[PDB]
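Below you'll find only one chain, the form deposited in one PDB entry, shown as structure tokens.
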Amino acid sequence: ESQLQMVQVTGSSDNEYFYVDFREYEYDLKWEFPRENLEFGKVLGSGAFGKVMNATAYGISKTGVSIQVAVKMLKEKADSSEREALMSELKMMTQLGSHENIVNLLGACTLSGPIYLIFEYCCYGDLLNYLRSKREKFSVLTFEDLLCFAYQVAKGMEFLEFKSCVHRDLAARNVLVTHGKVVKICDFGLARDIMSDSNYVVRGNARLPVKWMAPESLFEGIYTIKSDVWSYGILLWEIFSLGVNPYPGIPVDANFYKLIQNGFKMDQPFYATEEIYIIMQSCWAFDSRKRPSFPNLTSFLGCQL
């Protein structure tokens, strides 16, 4: 199941909404891409039931010009139920529209065999590992780069809000990096190693990114765009600490739930100004109504002078 979800609001309060399921809608065949034109490199990431692989795609955006892509597909085992979820995700992406700060869909392969979802290739990998690799080479990474990253992510989330979407797993690990230090919001859970990664906690059918979740998500299972603001705040702490695990040194257990519930907030990270930290704290307002909006955040980050 995709952590990126389209929703429809049915009331003024947080819990009044439902998730849009594209299972019954029809797939627009204009996205179909010839399978024989995918020369696969090798794996970029692997989940329990699916993986994203390197691939060279010829003709997908300019004839005579072959480019590199990332192809989300199902694992060698592939019973019918798993494929419909990949189809539903595909359909949703076809209807989202493209944006610079989103890992965009480029095409798909669904007819003559196994399902391939073709996305942009991001040659610098995920933002988390990117920042951690620049811990030595920092002043090469600068403060403005951090501010630009923050801005681009907020822009991407603004686009998702405009498209009535929510991202139930927003974190620096789900942000990718390309040319021009451009970052794109992504979502892989079907192709994410979800539990050798200790940031996800298994609870029934759910795999919860606990340290990134708003209280209403943690305690009531409510996911709104304001939940994303909370998660964005956490992601901000990741950026301006150069990739430190949130609530460093604090284990995910029953005590953690009590901490968040009682209003625990992280301290100012080293590479952040007092202004940026004030913004973080507003994202971590317990009452979802008091958190800033992504249009607010996106505008304010004209701080890059």
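We call the rigid core whatever largest set of C-alpha positions still superposes within 1.5 Å between the two forms. So that there is no doubt, residue numbering starts at 1 and follows the sequence shown. Shifts are known only where both forms have a C-alpha.
Although it is not shown, the form deposited in another entry is what the next lines describe.
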Comparing forms between the shown form and the other one after core superposition, the one residue of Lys226, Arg192, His167, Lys184 displaced by 2 Å or more at CA: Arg192
Core superposition between the shown form and the other one, C-alpha change of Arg35 at least 2 Å: no
Core-aligned C-alpha movement of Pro251 between the shown form and the other one reaching 2 Å: no
Segments displaced between the shown form and the other one (3 or more residues, each Cα shift of 2 Å or more, core-superposed): 62-64, 188-192
